[PDB]
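The form deposited without nicotinamide-adenine-dinucleotide is given below as one chain in structure tokens.
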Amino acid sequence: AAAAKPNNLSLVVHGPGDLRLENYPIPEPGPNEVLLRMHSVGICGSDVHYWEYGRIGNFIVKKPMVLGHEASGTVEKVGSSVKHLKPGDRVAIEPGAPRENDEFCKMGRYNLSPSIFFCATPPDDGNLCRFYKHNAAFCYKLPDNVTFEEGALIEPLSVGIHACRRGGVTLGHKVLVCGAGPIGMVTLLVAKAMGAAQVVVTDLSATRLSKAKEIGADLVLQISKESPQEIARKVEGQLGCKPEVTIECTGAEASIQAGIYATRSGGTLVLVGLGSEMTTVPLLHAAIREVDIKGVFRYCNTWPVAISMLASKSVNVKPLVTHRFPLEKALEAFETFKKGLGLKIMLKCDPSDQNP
């Protein structure tokens, strides 16, 4: 008989609480695509949320969907039109690839393209599996001194890069980060790398703040039941001034309100967290002091920069990885994520190499 064919075991969400490991066909790359032997894939709240509620806002799972969107792997095969990538190349994968060159792509903000393909956001299948095909322009070669897990960490790191950019974070800035979860952490890492003089991070958990301290947070503030004004007051009390930029990573109404009150006049409040459809905020306060309120939707043009920072050892994201499981233990990985302990959980999809 013929030799055994390769498999494409995949982690699939069928509905709320219905997670399964099942085999999928092996993708065939189009002329401008590459087939990747998946290596490392980190998971975040969006994967867990789809698993728990089968949806996130209007993005709802209407049919079985493969999870995973923060990954790296090895090029297995390339399409006829691919020139910059060859079999064997280690690459980082940017999950958002435009389907059409609309005005948003031409102006340089492809992340806003309405018909964009995005891994693990229904109805687009993610990459928590063995073999995955992706647009070649959105697969970036990893330098030899950058690990697969670092390559996978580029996705969450890019959320922080995009956020700091939109906020205008720069040399000597005093930056406030609301939330010490993984989003706030990468945001902290980026702010410092961009030259922020002081970064103050707030959170409900003293443990998370302790970890924030470990990776660079200049100041931490544990929040309990203080009002938004009191929070802003305490923040300013610690800095000796008002932060020029605030990056809200919790999505909670009270925190958003605190950011408006805390941010220096002419500064920027970036909203990265996702909360309710409606939020009650002191717009009048913001307008009078020209505190801009800018939202963030994923990212654009961050991979090459993230790779340069990692290759030059300008940032250290490794401490963010707290657990790693082989793809086959995906369910245990998700149950672990739910326990709220840790920061970034990594899934190892390549049986031939389970290392970082």
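Numbers for residues come from their place in the sequence shown, where the first is 1.
The discussion below concerns the form solved in complex with nicotinamide-adenine-dinucleotide, not included here.
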Since the partner isn't included here, can you check whether nicotinamide-adenine-dinucleotide sits close to all of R208, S255 and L274 in the entry with it bound (heavy atom within 4.5 Å for each)? yes
Would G126 count as touching nicotinamide-adenine-dinucleotide in the entry with it bound under a 4.5 Å heavy atom rule? no
Heavy atom of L320 within 4.5 Å of nicotinamide-adenine-dinucleotide in the entry with it bound: no
Although nicotinamide-adenine-dinucleotide is absent from this view, report whether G181 comes within 4.5 Å of it in the entry with it bound, heavy atoms only. yes
Is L153 close to nicotinamide-adenine-dinucleotide in the entry with it bound, meaning a heavy atom pair under 4.5 Å apart or at it? no
Within 4.5 angstroms, counting heavy atoms, which one of the listed stretches 29 to 37, 326 to 334, 295 to 303, 309 to 317 is next to nicotinamide-adenine-dinucleotide in the entry with it bound? 295 to 303
Partner-contacting position among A136, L219, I116, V159 - heavy atom within 4.5 Å of nicotinamide-adenine-dinucleotide in the entry with it bound: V159
In the entry with it bound, the residue from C241, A197, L204, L283 that sits within 4.5 Å of nicotinamide-adenine-dinucleotide by heavy atoms: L204
